[PDB]
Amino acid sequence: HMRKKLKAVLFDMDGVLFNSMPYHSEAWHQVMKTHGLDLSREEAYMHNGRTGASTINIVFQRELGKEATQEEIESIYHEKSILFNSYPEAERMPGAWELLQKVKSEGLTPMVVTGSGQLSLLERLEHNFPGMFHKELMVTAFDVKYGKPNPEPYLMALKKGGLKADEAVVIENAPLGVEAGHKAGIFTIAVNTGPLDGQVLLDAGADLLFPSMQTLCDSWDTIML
C-alpha cells in the first residue's frame, strides 16, 4: 500500500552488509583494555551505530566520569582500526547480496548509512556488492557531526538521495541505528544479527523485526504490499 511510494532502501553496513560485529566488539574491548578501560564485548555491541569518536567519548564518560580529549580519540581510534584490520577480512552477511539484487530489480535505490570510518570496509562495498552503491548515495562517519542515534545521518541520506521520509526504508541491526532512522521519520526494519534481545530493537522504534538478513530477503516481497 505504501510500497508504491518507495524509491530507496537505506542499509546500515556493520551487522547488515558485512558480518563484522564479532570483530568490532572484540577490537573495541581490546583497545579499551590496552588503554586502561572496561568495555565489555556486549557493551561494545550496544554502541553499534555510533561513530568511533562518539563511542570513545561515551566510554570515557561512563567509566572515568570525563570527556576523552581529541588526542585520546584519534589515538584509540587508530589502534582500534589496526586491531580490527588484523583479523581475516569481514565477509558478507548471508542474504545481503540476494536482497540487494531484489531491491535493484524493483527499481529501488540502494544507500549506505553508517557510523563507520573504516576505509577497508567502505572500499570493499563495491567488490562485495557490485553495481549497488555510489559514494554520493552514502552517509559515513566522514559526513556527520553527531551520528547515530541522532537522526542526523538518516536525514542527510534523504537529502543526498533527494527523498522524503515516506519514500525510503531503513535496514538496521543496531538499537541506536533503529532509533536514528525512527527519529528521522523513516519506516525502519530491524534485523537481529547479533546476540541482543529482539525487544531492544522494537523499543527503539523498529516497525518490523527479522531474525536474519536471509529471512528478511525471503520475506521481502511480502512486506508490505
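The first residue of the shown sequence is 1; numbering continues from there.
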When the Cα temperature factors in the entry are averaged, is it 98-106 or 148-156 that ends up higher?
98-106
Between 205-213 and 19-27 (mean CA B-factor, as deposited), the higher
205-213
Taking the entry's C-alpha B-factors for this chain, is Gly49 in the lowest, middle or highest third?
lowest
In terms of the CA temperature factor given in the entry, to which third of its chain does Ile186 belong: lowest, middle or highest?
middle
Based on the entry's values, in what third of the chain does the Cα temperature factor of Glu89 lie: lowest, middle or highest?
lowest
Temperature factor at the Cα of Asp143, chain-ranked in thirds, falls in the middle
Tertile call for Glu72 (CA temperature factor, within chain, third-based) is the middle
